[PDB]
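K.L.:
Dropping in query37.cif, with mmCIF, C-alpha atoms and all ligand atoms.
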data_my_file
loop_
_atom_site.label_atom_id
_atom_site.label_comp_id
_atom_site.auth_asym_id
_atom_site.auth_seq_id
_atom_site.Cartn_x
_atom_site.Cartn_y
_atom_site.Cartn_z
CA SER M 30 -8.08 7.53 32.65
CA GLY M 31 -11.22 8.48 34.65
CA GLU M 32 -13.03 10.83 32.23
CA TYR M 33 -16.32 9.75 30.65
CA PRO M 34 -15.27 7.73 27.57
CA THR M 35 -15.82 8.85 24.01
CA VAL M 36 -15.23 7.31 20.58
CA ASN M 37 -11.65 8.53 20.70
CA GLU M 38 -10.78 6.50 23.82
CA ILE M 39 -12.53 3.14 23.24
CA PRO M 40 -10.30 0.72 21.25
CA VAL M 41 -11.82 -0.68 18.06
CA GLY M 42 -14.47 -3.31 18.81
CA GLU M 43 -14.31 -2.81 22.59
CA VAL M 44 -16.60 -1.58 25.38
CA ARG M 45 -15.85 0.51 28.44
CA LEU M 46 -17.70 0.77 31.74
CA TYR M 47 -18.02 3.87 33.87
CA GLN M 48 -18.91 3.85 37.55
CA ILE M 49 -21.89 6.14 38.14
CA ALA M 50 -22.72 5.30 41.78
CA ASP M 51 -22.49 2.36 44.15
CA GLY M 52 -23.77 -0.63 42.18
CA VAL M 53 -24.50 1.45 39.05
CA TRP M 54 -22.38 1.62 35.92
CA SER M 55 -22.91 2.89 32.43
CA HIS M 56 -21.58 0.98 29.45
CA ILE M 57 -20.22 2.80 26.40
CA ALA M 58 -19.53 1.42 22.93
CA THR M 59 -19.27 2.80 19.43
CA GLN M 60 -20.85 1.78 16.17
CA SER M 61 -20.95 2.91 12.56
CA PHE M 62 -24.27 3.75 10.95
CA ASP M 63 -24.70 5.17 7.44
CA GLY M 64 -20.98 5.89 7.27
CA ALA M 65 -20.57 7.81 10.54
CA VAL M 66 -19.41 6.64 13.96
CA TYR M 67 -21.48 7.25 17.08
CA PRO M 68 -21.15 6.40 20.77
CA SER M 69 -24.03 4.94 22.73
CA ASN M 70 -24.72 4.23 26.40
CA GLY M 71 -26.43 1.55 28.43
CA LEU M 72 -26.74 0.80 32.14
CA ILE M 73 -25.70 -1.96 34.54
CA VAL M 74 -27.30 -2.20 37.98
CA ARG M 75 -26.25 -4.55 40.75
CA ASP M 76 -29.15 -6.87 41.76
CA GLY M 77 -27.77 -8.67 44.83
CA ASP M 78 -25.18 -11.12 43.47
CA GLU M 79 -26.50 -10.73 39.92
CA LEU M 80 -26.62 -7.86 37.44
CA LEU M 81 -29.47 -6.23 35.52
CA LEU M 82 -28.48 -4.89 32.10
CA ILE M 83 -30.25 -1.98 30.43
CA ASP M 84 -29.77 -1.94 26.64
CA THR M 85 -27.32 -3.75 24.39
CA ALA M 86 -24.03 -2.23 23.22
CA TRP M 87 -25.35 -1.65 19.64
CA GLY M 88 -24.46 -4.79 17.75
CA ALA M 89 -23.71 -8.47 18.24
CA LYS M 90 -19.94 -8.17 18.51
CA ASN M 91 -20.14 -5.07 20.72
CA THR M 92 -22.57 -6.92 23.01
CA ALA M 93 -20.28 -9.95 23.27
CA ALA M 94 -17.49 -7.52 24.17
CA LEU M 95 -19.81 -5.94 26.76
CA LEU M 96 -20.35 -9.27 28.48
CA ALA M 97 -16.58 -9.88 28.53
CA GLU M 98 -15.93 -6.41 29.97
CA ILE M 99 -18.53 -6.97 32.70
CA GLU M 100 -16.88 -10.27 33.64
CA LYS M 101 -13.50 -8.57 33.81
CA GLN M 102 -14.53 -5.45 35.75
CA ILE M 103 -17.43 -6.70 37.91
CA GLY M 104 -17.47 -10.51 37.82
CA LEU M 105 -21.17 -11.02 38.60
CA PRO M 106 -23.53 -12.72 36.13
CA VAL M 107 -25.88 -10.73 33.95
CA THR M 108 -29.22 -12.52 34.42
CA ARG M 109 -31.77 -10.11 32.91
CA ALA M 110 -31.76 -7.34 30.34
CA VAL M 111 -34.31 -4.67 29.45
CA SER M 112 -34.26 -2.86 26.09
CA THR M 113 -35.67 0.66 26.29
CA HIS M 114 -36.84 0.97 22.66
CA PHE M 115 -36.75 -1.01 19.42
CA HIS M 116 -33.75 0.49 17.62
CA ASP M 117 -30.49 -1.41 17.02
CA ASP M 118 -28.59 0.58 19.69
CA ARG M 119 -31.00 -0.93 22.24
CA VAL M 120 -31.83 -4.43 20.93
CA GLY M 121 -28.94 -5.20 18.55
CA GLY M 122 -27.16 -7.88 20.56
CA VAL M 123 -30.27 -9.40 22.13
CA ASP M 124 -29.55 -12.66 20.29
CA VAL M 125 -26.05 -12.72 21.84
CA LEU M 126 -27.54 -12.04 25.29
CA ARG M 127 -30.11 -14.80 24.89
CA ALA M 128 -27.44 -17.34 23.93
CA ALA M 129 -25.42 -16.30 26.98
CA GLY M 130 -28.30 -17.17 29.35
CA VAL M 131 -29.63 -13.64 29.80
CA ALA M 132 -33.40 -13.31 29.97
CA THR M 133 -34.34 -10.39 27.66
CA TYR M 134 -37.31 -8.11 28.20
CA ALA M 135 -39.01 -5.15 26.53
CA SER M 136 -42.48 -3.66 26.35
CA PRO M 137 -44.94 -5.29 23.95
CA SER M 138 -44.75 -2.12 21.88
CA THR M 139 -40.98 -2.43 21.54
CA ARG M 140 -41.25 -6.11 20.69
CA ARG M 141 -43.82 -5.44 17.94
CA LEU M 142 -41.79 -2.63 16.43
CA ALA M 143 -38.55 -4.62 16.52
CA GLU M 144 -40.25 -7.58 14.86
CA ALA M 145 -41.89 -5.48 12.16
CA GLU M 146 -38.71 -3.63 11.26
CA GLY M 147 -36.29 -6.60 11.38
CA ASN M 148 -34.40 -5.82 14.59
CA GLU M 149 -33.61 -8.42 17.24
CA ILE M 150 -36.53 -9.23 19.50
CA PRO M 151 -36.41 -9.50 23.32
CA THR M 152 -38.10 -12.65 24.60
CA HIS M 153 -40.37 -11.38 27.38
CA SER M 154 -43.04 -8.66 27.38
CA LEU M 155 -43.16 -6.00 30.07
CA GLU M 156 -46.83 -5.29 30.82
CA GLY M 157 -48.02 -2.34 32.85
CA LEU M 158 -46.24 0.30 30.78
CA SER M 159 -48.66 1.05 27.96
CA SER M 160 -50.04 4.41 29.22
CA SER M 161 -47.89 7.49 29.66
CA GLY M 162 -46.98 7.96 33.29
CA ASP M 163 -47.00 4.20 33.96
CA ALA M 164 -44.29 2.77 36.18
CA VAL M 165 -43.35 -0.77 37.23
CA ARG M 166 -40.59 -2.22 39.36
CA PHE M 167 -37.98 -4.53 37.80
CA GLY M 168 -35.33 -5.72 40.21
CA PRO M 169 -33.37 -2.74 41.53
CA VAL M 170 -34.93 -0.25 39.09
CA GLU M 171 -38.21 1.40 38.22
CA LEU M 172 -39.23 1.42 34.55
CA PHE M 173 -41.28 4.44 33.44
CA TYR M 174 -43.10 5.14 30.19
CA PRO M 175 -43.08 8.93 29.68
CA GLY M 176 -44.97 9.02 26.38
CA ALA M 177 -43.71 9.30 22.83
CA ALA M 178 -40.43 11.15 22.38
CA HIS M 179 -37.43 9.79 20.48
CA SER M 180 -39.72 6.86 19.65
CA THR M 181 -43.26 5.94 20.59
CA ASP M 182 -42.05 3.05 22.77
CA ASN M 183 -39.17 4.66 24.65
CA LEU M 184 -38.81 3.76 28.33
CA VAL M 185 -36.78 5.49 31.02
CA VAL M 186 -35.17 3.78 33.99
CA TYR M 187 -34.66 5.09 37.52
CA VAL M 188 -32.34 3.57 40.14
CA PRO M 189 -33.93 4.66 43.43
CA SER M 190 -31.00 3.58 45.66
CA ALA M 191 -28.74 6.06 43.88
CA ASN M 192 -31.16 8.62 42.39
CA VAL M 193 -29.83 7.81 38.93
CA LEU M 194 -32.12 8.61 36.00
CA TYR M 195 -31.28 6.76 32.79
CA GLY M 196 -33.18 8.64 30.12
CA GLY M 197 -32.24 6.50 27.17
CA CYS M 198 -32.63 8.14 23.78
CA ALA M 199 -35.49 10.37 25.01
CA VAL M 200 -32.77 12.42 26.73
CA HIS M 201 -29.83 14.15 25.04
CA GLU M 202 -26.49 15.29 26.36
CA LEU M 203 -25.85 18.95 27.13
CA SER M 204 -23.53 19.50 24.14
CA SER M 205 -26.18 18.33 21.67
CA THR M 206 -27.15 20.70 18.85
CA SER M 207 -30.13 18.88 17.43
CA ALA M 208 -32.38 16.08 18.49
CA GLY M 209 -30.24 13.22 17.15
CA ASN M 210 -31.82 10.61 14.92
CA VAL M 211 -35.45 11.65 14.68
CA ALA M 212 -36.56 9.05 12.13
CA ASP M 213 -39.15 7.55 14.51
CA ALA M 214 -39.65 10.47 16.85
CA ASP M 215 -42.73 12.52 17.80
CA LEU M 216 -41.25 16.01 18.06
CA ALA M 217 -44.61 17.54 19.03
CA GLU M 218 -45.13 15.19 21.98
CA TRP M 219 -41.49 14.95 23.09
CA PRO M 220 -41.49 18.10 25.31
CA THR M 221 -44.62 16.86 27.09
CA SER M 222 -42.95 13.49 27.67
CA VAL M 223 -39.84 15.20 29.07
CA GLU M 224 -42.04 17.30 31.35
CA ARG M 225 -43.52 14.05 32.69
CA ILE M 226 -40.02 12.76 33.43
CA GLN M 227 -39.12 16.00 35.22
CA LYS M 228 -42.26 15.80 37.33
CA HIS M 229 -41.83 12.13 38.19
CA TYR M 230 -38.09 12.18 39.07
CA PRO M 231 -37.41 15.60 40.63
CA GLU M 232 -34.72 14.20 42.95
CA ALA M 233 -32.55 12.68 40.23
CA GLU M 234 -28.87 13.40 40.87
CA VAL M 235 -27.34 11.92 37.72
CA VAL M 236 -29.07 11.91 34.33
CA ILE M 237 -27.67 9.59 31.64
CA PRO M 238 -28.60 10.17 27.98
CA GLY M 239 -28.85 7.43 25.37
CA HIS M 240 -25.76 8.88 23.64
CA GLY M 241 -23.09 11.12 25.15
CA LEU M 242 -22.08 12.47 28.52
CA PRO M 243 -24.08 12.18 31.75
CA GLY M 244 -24.90 15.26 33.75
CA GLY M 245 -27.51 16.58 36.12
CA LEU M 246 -31.18 17.47 35.79
CA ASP M 247 -30.34 20.14 33.20
CA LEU M 248 -30.16 17.43 30.53
CA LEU M 249 -33.97 17.23 30.66
CA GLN M 250 -34.61 20.92 30.00
CA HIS M 251 -31.84 21.02 27.41
CA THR M 252 -33.48 18.09 25.61
CA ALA M 253 -36.82 19.89 25.51
CA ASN M 254 -35.04 22.98 24.18
CA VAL M 255 -33.19 21.20 21.34
CA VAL M 256 -36.28 19.22 20.35
CA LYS M 257 -38.53 22.31 20.20
CA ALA M 258 -35.93 24.11 18.12
CA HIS M 259 -35.50 21.09 15.86
CA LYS M 260 -39.25 20.88 15.21
CA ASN M 261 -39.46 24.66 14.65
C1 LIG Z 301 -29.63 3.08 15.61
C2 LIG Z 301 -30.28 4.46 15.70
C3 LIG Z 301 -29.23 5.58 15.40
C4 LIG Z 301 -28.33 5.52 14.35
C5 LIG Z 301 -27.36 6.55 14.12
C6 LIG Z 301 -27.30 7.69 14.95
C7 LIG Z 301 -28.23 7.78 15.98
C8 LIG Z 301 -28.59 8.74 17.02
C9 LIG Z 301 -27.83 10.04 17.22
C10 LIG Z 301 -27.45 10.78 16.20
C11 LIG Z 301 -26.70 12.09 16.54
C12 LIG Z 301 -26.45 12.45 17.80
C13 LIG Z 301 -25.71 13.77 18.16
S1 LIG Z 301 -26.95 15.11 18.33
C14 LIG Z 301 -27.96 14.69 19.75
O1 LIG Z 301 -26.19 16.30 18.66
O2 LIG Z 301 -27.75 15.15 17.12
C15 LIG Z 301 -26.90 11.55 18.91
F1 LIG Z 301 -26.67 11.88 20.20
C16 LIG Z 301 -27.53 10.43 18.65
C17 LIG Z 301 -29.61 8.24 17.76
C18 LIG Z 301 -30.42 8.87 18.85
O3 LIG Z 301 -30.70 10.06 18.68
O4 LIG Z 301 -30.89 8.13 19.68
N1 LIG Z 301 -29.94 7.06 17.28
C19 LIG Z 301 -29.20 6.69 16.18
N2 LIG Z 301 -31.37 4.66 14.82
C20 LIG Z 301 -31.45 4.26 13.42
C21 LIG Z 301 -32.78 4.87 12.99
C22 LIG Z 301 -33.97 4.00 12.67
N3 LIG Z 301 -34.00 4.71 11.33
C23 LIG Z 301 -34.72 4.41 10.15
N4 LIG Z 301 -34.48 5.15 9.15
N5 LIG Z 301 -35.55 3.43 10.23
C24 LIG Z 301 -32.91 5.61 11.70
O5 LIG Z 301 -33.21 5.77 14.04
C25 LIG Z 301 -32.35 5.64 15.16
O6 LIG Z 301 -32.44 6.27 16.13
ZN ZN Z 302 -33.40 5.15 18.77
ZN ZN Z 303 -30.39 6.20 20.35
#
Could you spell out this file's structure in structure tokens?
Ligand SMILES: C[C@@H](c1cccc2c(-c3ccc(CS(C)(=O)=O)c(F)c3)c(C(=O)O)[nH]c12)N1CC2(CN(C(=N)N)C2)OC1=O
Ligand SMILES: [Zn+2]
Ligand SMILES: [Zn+2]

P.N.:
Amino acid sequence: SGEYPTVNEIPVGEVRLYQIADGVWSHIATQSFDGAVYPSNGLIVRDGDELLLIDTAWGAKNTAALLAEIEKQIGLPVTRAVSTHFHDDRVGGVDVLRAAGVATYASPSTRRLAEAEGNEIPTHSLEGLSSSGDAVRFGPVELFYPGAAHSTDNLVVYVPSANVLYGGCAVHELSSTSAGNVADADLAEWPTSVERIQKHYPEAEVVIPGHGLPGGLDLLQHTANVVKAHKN
């Protein structure tokens, strides 16, 4: 009833949206992995009379439910999607999106890693993002490659109209106690990559992590802190 949703408040197999700013929503779904349940976030950004989607809802059925929830709550067509790294919480559901007429995009690095590891593969490559500090425009957002962090391919997304920074899985929520799933991470480079984000988006007003609750700029420093302590 207005609070940021968690696993306890999302009915089984469903998705919830949360209004972040004018024309900006997050999407929240839950999924089981290795016998535990986790929430995960994505982003929706109004693009005129269309919508840009950032990240799937972690799974085919969750992503179909996402599309239904968008139609119910917003009622504008999703025409493009960007996946911000190659893991299943970002690309799992790309096949559903593609069959629903959504053009799917990711960096060439993400596409290669998804293909090699057996995850679903976005159709279109996003050039211009291969060096840390690179930025490109994509509809109503800027895409930024901060360097290796949670994964070597992770992208962040900024919504300039609203000063919303979507960190994806390179950014953790304030309550986090460790650096999440570090299977593919570069813990030594991650603080440098977060520093780049801090330097590039100093006016961010809302910071959204890949999993958990949004907050302010403090999520960036907190992320650096938990990652350094994890590595240590
Ligand atoms: C789908 C995703 C994932 C699956 C299951 C869980 C997660 C988390 C996560 C875990 C705990 C917390 C609470 S916290 C910050 O307090 O620790 C959190 F916020 C996020 C994250 C994230 O951190 O993004 N991703 C997850 N995969 C699976 C994989 C890849 N692989 C191989 N062996 N190959 C493991 O790597 C990874 O990321
Ligand atoms: Zn991941
Ligand atoms: Zn993640």

K.L.:
Using only C-alpha atoms, which of the listed residues (M:201, M:140, M:225, M:260) sits closest to residue 176 in chain M?

P.N.:
M:225

K.L.:
To check your reading of the model: which residues sit at most 10 Å from ligand ZN 303 (chain Z) when counting all atoms listed in the file? Write the answer as a list in words.

P.N.:
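What falls inside 10 Å of ligand ZN 303 (chain Z) is residues 67, 68, 69, 70, 87, 113, 114, 115, 116, 117, 118, 119, 179, 180, 183, 197, 198, 199, 200, 201, 209, 210, 211, 238, 239 and 240 of chain M.
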
K.L.:
Which residues come within 9 Å of range 226-228 of chain M, counting all atoms listed in the file, excluding same-chain residues fewer than 3 positions away, as a PyMOL selection string?

P.N.:
chain M and resi 162+173-175+185+196+221-223+231+233+246+249-250

K.L.:
Counting all atoms listed in the file, figure out which residue out of M:45, M:177, M:89, M:55 gets nearest to ligand ZN 302 (chain Z).

P.N.:
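Smallest distance to ligand ZN 302 (chain Z) is found for M:177.
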
K.L.:
M:83, M:123, M:217, M:135: which is nearest residue 187 in chain M, counting all atoms listed in the file?

P.N.:
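When distances to residue 187 in chain M are compared using all atoms listed in the file, the smallest one comes from M:83.
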
K.L.:
Restricting the calculation to only C-alpha atoms: of M:130, M:121, M:137, M:243, which residue gets closest to residue 86 in chain M?

P.N.:
M:121

K.L.:
Set the distance at 8 Å and use all atoms listed in the file: which residues neighbour range 76-80 of chain M once local chain neighbours fewer than 5 positions away are removed? I'd like the list as a list in words.

P.N.:
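Answer for this query is residues 105, 106, 107, 108, 109, 168 and 169 of chain M.
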
K.L.:
Go through M:253, M:186, M:120, M:82 one by one, measure the shortest atom-to-atom distance of each to ligand ZN 302 (chain Z) using all atoms listed in the file, and give the residue with the smallest value.

P.N.:
M:120

K.L.:
Given only C-alpha atoms as the basis, pick out the residue of M:213, M:111, M:94, M:184 nearest to residue 142 in chain M.

P.N.:
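Using only C-alpha atoms, residue 142 in chain M sits closest to M:213.
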